[PDB]
Amino acid sequence: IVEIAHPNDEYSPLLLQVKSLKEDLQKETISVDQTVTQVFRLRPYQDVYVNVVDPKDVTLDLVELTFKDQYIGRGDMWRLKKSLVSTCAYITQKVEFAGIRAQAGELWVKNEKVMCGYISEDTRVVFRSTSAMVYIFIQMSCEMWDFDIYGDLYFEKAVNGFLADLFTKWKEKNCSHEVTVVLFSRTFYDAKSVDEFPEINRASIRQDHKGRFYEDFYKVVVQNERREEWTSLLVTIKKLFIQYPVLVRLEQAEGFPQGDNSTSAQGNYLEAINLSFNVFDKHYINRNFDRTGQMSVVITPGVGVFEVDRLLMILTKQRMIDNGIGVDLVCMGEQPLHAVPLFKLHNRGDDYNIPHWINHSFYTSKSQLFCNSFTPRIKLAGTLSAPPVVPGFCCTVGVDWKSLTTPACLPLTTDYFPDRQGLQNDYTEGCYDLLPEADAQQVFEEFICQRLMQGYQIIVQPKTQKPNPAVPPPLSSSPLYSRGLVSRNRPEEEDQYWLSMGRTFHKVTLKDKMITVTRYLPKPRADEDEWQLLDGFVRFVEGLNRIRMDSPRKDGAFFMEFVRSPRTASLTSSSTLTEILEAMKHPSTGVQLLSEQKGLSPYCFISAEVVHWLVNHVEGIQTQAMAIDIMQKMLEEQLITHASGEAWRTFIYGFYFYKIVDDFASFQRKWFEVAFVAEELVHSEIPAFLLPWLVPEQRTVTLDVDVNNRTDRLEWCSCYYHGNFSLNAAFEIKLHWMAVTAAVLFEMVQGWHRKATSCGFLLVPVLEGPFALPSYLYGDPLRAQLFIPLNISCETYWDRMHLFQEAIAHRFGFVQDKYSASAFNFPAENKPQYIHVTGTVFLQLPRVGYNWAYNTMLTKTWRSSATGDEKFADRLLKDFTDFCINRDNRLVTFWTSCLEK
Amino acid sequence: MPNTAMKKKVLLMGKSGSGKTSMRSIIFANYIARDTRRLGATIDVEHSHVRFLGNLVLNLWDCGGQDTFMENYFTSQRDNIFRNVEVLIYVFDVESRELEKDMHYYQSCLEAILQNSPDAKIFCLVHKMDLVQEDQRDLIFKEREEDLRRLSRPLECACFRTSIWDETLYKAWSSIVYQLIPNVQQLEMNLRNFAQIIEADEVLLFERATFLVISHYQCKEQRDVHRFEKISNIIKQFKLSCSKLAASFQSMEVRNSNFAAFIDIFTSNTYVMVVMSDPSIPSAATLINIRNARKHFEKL
Ligand SMILES: Nc1nc2c(ncn2[C@@H]2O[C@H](COP(=O)(O)OP(=O)(O)NP(=O)(O)O)[C@@H](O)[C@H]2O)c(=O)[nH]1
């Protein structure tokens, strides 16, 4: 606990570190060479008599920690703060814990930044990312095409100035995000045309009757794609700005059109933020392991006024109660003479409201003049009333770049009043004694009992985008639609909840419920382990705290023999009913057996090796009959009642025992993720990339995710096979976890990825969102489901046509790009769904043609020379639409090549 | 103490409204009859483990009572819920009117526990008799006795009466525990030896953390049934009062005109009280006989 400082003469910064009770200075240390070139250049040899030995209780009241390239749920942030109670720090240290890593930054005491210092239990740490997931909603109106002072279009100010500055700062601070850039706007009087009916909406006012037809358009630009070297989006946004007025005016319904309505009179603003929340509520569906923070930024040329319905504003207050992610910035400039974020109510004195949940920021342009006016002008030809907006004073608002380049995660400790009485008339206590066991079965019992993951309380998710017509503007998405119904419910009338979850030894967790804030109180696995894990799982969702030669590994060995199975596919006489000679003198030769050591397996062996042995010595494919005949004497598994195991092509993981535990109800918000195994052949994967140019059906395993010597945390997660055949088709592995730190599971996945590529074939994480509409349990509100028609021009049409469709698909197989029927796991199996081998492309088979979508989960890692380089995907689009709409004579020559057999 | 850590299973079911989870919450969380007004609605299933004098641990299931939850019990996952059941408790409201649906659920529950438990047992418990006059309390309890003895025909049931504002609750769950206990005869023999060689009026031994009447021996049979209930209620009221003082009890002494009662720790989770048939003795007898008792029970 001793603290050692060591400057030299008049070093204006200092340095200090820890040890345990240094007095006589016999012992010194070298641990770091970097800190010399990180602070000051000198070579201190053993005792120059400058090393001060002092207790010096000097704290560092707020310290910032930045993350990169990973995924960290907030329980792991709690574990880092629990491990960072009583230590030292300095600027740009790389703090690590259990494969988790952060870089220290901007450490302050109350006015000033310190080079070094000490952290003890009462200073506060705040987590930020440079690897966040960020949406950019550009709101367009008729004020984009309007000039301002200094001489500009507001569009040109916004895009050119602000986006050039933001992308230069994104290059300078060396961050790597995942963006959307979505344009959105409204039009009026687009009533009806030929079958454009569920796209419109109709606005009205109660107190003075006013009802009009209107219509909302979203045009997306790049959807889910990280790349360095930006500013190409600036060129595409200029192209879409010039193409935009015809693109919005002359579409689906043509009455007299009024485009791009004013923001200070109407707007789809609050609906746009609510649809960003409709994206972010389903974060647990397809989980990237390379992003942490969440961010939604709306760029508007508005003044700050919005004329907004009452129900949507109250509903988005209740939805930003959960996960605060919203940021607003105004590229109009001209900071007005009142409290600038404000809402005039539009309910079905002009009723004002001011938000304190939003983070607004203006963008002044770069010039210097005399008196910047705060007013526009346009010449026509010819009981309470307790918030007004005008007596609130407001000097200037900046841009707040630090909350736009490094997004801040949600805090850990907040102070609030206790759970007394009156309104919240409901408490419930569950005291759950825990029996330690050495056989994964203890957390989930308490978990499904005491909460059922907000089984008590509701999720207030009342906005459902049920419809979306899309438009055949190009190969990004383009949904242009109506929001659909809003099924709002009020909060829990006359009672909130609070809970008392006890460990009957000595421990209590007191849960409050208006936002999930906790109070933990103290008085095989240990007691504190299960207690800490349960506090982490209450922490994950809403987590405020009150305060004051076989290497026989059970996946690697079977994965390696399924690698051996292609290259071996692609003794005396038989007919003796004694069977003792062959089936007992297998070990006389060099037959490899799992018999040296492994748990629950004295003398074991794999079926495929034995059947390849019996085809290497006896006849071809009648070996399973004699294998059953010897299985009637010598077995493999526990309670057999079977054939010769499975004779061929069937995966089994480890845990030999499964026959003679709480499951996962899908209400509990499982974090799941579908990795995928795709049989591949490089001989066409290279030239189309290059200059050339034209037994059940699921299986559960509950495995332990650790290759270390930890002895601190037991760590389990559930694999589901879809495959128990793996003929030469697709294969997929689902991972369901409500459990331990994701980064260890990420290095397990990447470990058998390295075992997949070297000596084998591709394992790729694959978006298990099929071609799903919005308001499905999978999917986004921003997916196109692109269409590609088969212009043919040449008893049971559909079945033979489906087989011919498989033939065209596997013809793209043979020449460039193999296919696989990715037989997914919904019962009755509605649509046929093909994955392409070694690429980024989904197809389904429903006009006459068949539809297409673009995988967004590769993201430049899990990357080899087989796949990659998105130009490949666009080339396959071009080649496939050429081959599909009957270019030169390709389909007709394919007809002749089929008919000549 | 030989720690044969078994794991017993007990369900608590019945109709919603009156006193489903309230009685469990006042018998295993140190509440009062007034503060149980704040529990409110439960959900489908919630359960708990409670440890109890060491070795025995109860999986205590509390089942809800809405229409969809009982239907999702019977015509659904039933085989998981009614498997390996030892003790069933079935709650009866007095004031409730829909008796037909109550006995309909009761018939279906009896047939389901018959087809999923051969040697379990059912205790039905008519609670909340604090609203009816005492002569009508006698009439209603005897009618429930006879009617439930008829409708519980192929397998027997035990029907008790209770309320929350009295001590018959403590008697009824004392009966549940004394049926559910593993061992009887060795503790009875040590009880009888202790009481007949240290000549007491009556000796009483209890669990510590909830104080249910485990065992007793007397030689003055002039208190009818309500001595155990009353003394358990009043000293657990005193323990609830001392709970707000950050202090444990573990020891007390009282003597009177013809009366000499003493309470102390015996073992890791057991209380003893005793009245000793000789009121004019100071604590030397209590000293030598807590010595005389802890030489034997700490060989047990
Ligand atoms: N005064 C009084 N109140 C009682 C008595 N019995 C039950 N209550 C009241 O009945 C209320 C309901 O508690 P309880 O029935 O345990 O709740 P529950 O049925 O498990 N909730 P759910 O309907 O979701 O299953 C309690 O608040 C309690 O005050 C009684 O004998 N006297």
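First to last, the protein sequences are chains C and R. When the letters of the first sequence are read in order and numbered with full-length UniProt numbering, they come out as residues 38 to 385, 394 to 427, 726 to 782, 795 to 878, 973 to 997, 1083 to 1104, 1171 to 1260, 1283 to 1316, 1348 to 1447, 1463 to 1514, 1543 to 1597. When the letters of the second sequence are read in order and numbered with full-length UniProt numbering, they come out as residues 1 to 300. Heads up, the beta-carbon is just placed ideally off N, CA and C, and yes, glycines get one too.
Helix, strand or coil: how does DSSP classify residue i here?
i, result
"residue 295/C", "strand"
"residue 866/C", "strand"
"residue 353/C", "helix"
"residue 756/C", "strand"
"residue 877/C", "strand"
"residue 1100/C", "helix"
"residue 1404/C", "helix"
"residue 207/R", "strand"
"residue 745/C", "helix"
"residue 1364/C", "coil"
"residue 1094/C", "helix"
"residue 216/R", "strand"
"residue 164/C", "strand"
"residue 1298/C", "strand"
"residue 1466/C", "helix"
"residue 2/R", "coil"
"residue 1373/C", "strand"
Would you tell me roughly how many angstroms separate the C-alpha atoms of residue i and residue j, rounded to the nearest one?
i, j, result
"residue 1176/C", "residue 1183/C", "11 Å"
"residue 1090/C", "residue 368/C", "55 Å"
"residue 1353/C", "residue 1298/C", "16 Å"
"residue 116/C", "residue 110/C", "10 Å"
"residue 1569/C", "residue 1509/C", "8 Å"
"residue 1178/C", "residue 1231/C", "14 Å"
"residue 80/R", "residue 1196/C", "41 Å"
"residue 138/C", "residue 275/C", "40 Å"
"residue 44/R", "residue 78/R", "13 Å"
"residue 95/C", "residue 1552/C", "49 Å"
"residue 296/C", "residue 215/C", "31 Å"
"residue 232/R", "residue 33/R", "15 Å"
"residue 1194/C", "residue 72/C", "51 Å"
"residue 304/C", "residue 12/R", "56 Å"
"residue 351/C", "residue 817/C", "11 Å"
Rounded to whole angstroms, how far is the Cβ of residue i from the Cβ of residue j, which I believe are closer than 8 Å?
i, j, result
"residue 797/C", "residue 777/C", "6 Å"
"residue 770/C", "residue 801/C", "The Cβ separation is near 18 Å, so there is no contact."
"residue 1587/C", "residue 1546/C", "Actually they do not touch by this definition, with Cβ atoms about 14 Å apart."
"residue 410/C", "residue 194/C", "6 Å"
"residue 865/C", "residue 873/C", "7 Å"
"residue 131/R", "residue 91/R", "With 8 Å as the limit, residue 131/R and residue 91/R do not qualify as a contact, their Cβ atoms being about 16 Å apart."
"residue 1557/C", "residue 1307/C", "At roughly 18 Å, the Cβ-Cβ gap does not stay under 8 Å, so residue 1557/C and residue 1307/C are not in contact."
Do residue i and residue j have their C-beta atoms within less than 7 Å of each other?
i, j, result
"residue 1503/C", "residue 1382/C", "no"
"residue 230/R", "residue 167/R", "yes"
"residue 752/C", "residue 330/C", "yes"
"residue 169/R", "residue 162/R", "yes"
"residue 212/R", "residue 173/R", "yes"
"residue 236/C", "residue 289/C", "yes"
"residue 1370/C", "residue 1386/C", "no"
"residue 811/C", "residue 852/C", "yes"
"residue 172/C", "residue 269/C", "no"
"residue 306/C", "residue 343/C", "yes"
At 4 residues or longer, what runs of the alpha helix (DSSP H) sit wholly inside the region 1560-1591 of chain C?
1567-1580, all fully within the region 1560-1591 of chain C.
Within the region 167-239 of chain C, note down every full alpha helix (DSSP H) run reaching 4 residues or more, in order along the chain.
Complete alpha helix (DSSP H) runs here, min 4: 201-209.
In chain order, which alpha helix (DSSP H) runs of at least 4 residues are fully inside the region 236-309 of chain C?
Runs of the alpha helix (DSSP H) inside the region 236-309 of chain C: 269-286.
Which parts of the region 813-874 of chain C are runs of the beta strand (DSSP E), unbroken and 3 residues or longer, counting only runs that do not cross its ends?
852-858 and 862-868, all fully within the region 813-874 of chain C.
Can you list the alpha helix (DSSP H) stretches of 4 or more residues lying completely in the region 115-199 of chain R, in chain order?
The alpha helix (DSSP H) runs lying completely inside the region 115-199 of chain R and spanning 4 residues or more are 134-151, 168-180 and 185-197, given in chain order.
Kindly provide the ranges of any beta strand (DSSP E) runs that are 3 or more residues long and lie completely inside the region 33-96 of chain R, ordered along the chain.
Those beta strand (DSSP E) runs which fall completely within the region 33-96 of chain R and span 3+ residues are 45-52, 56-63 and 87-92.
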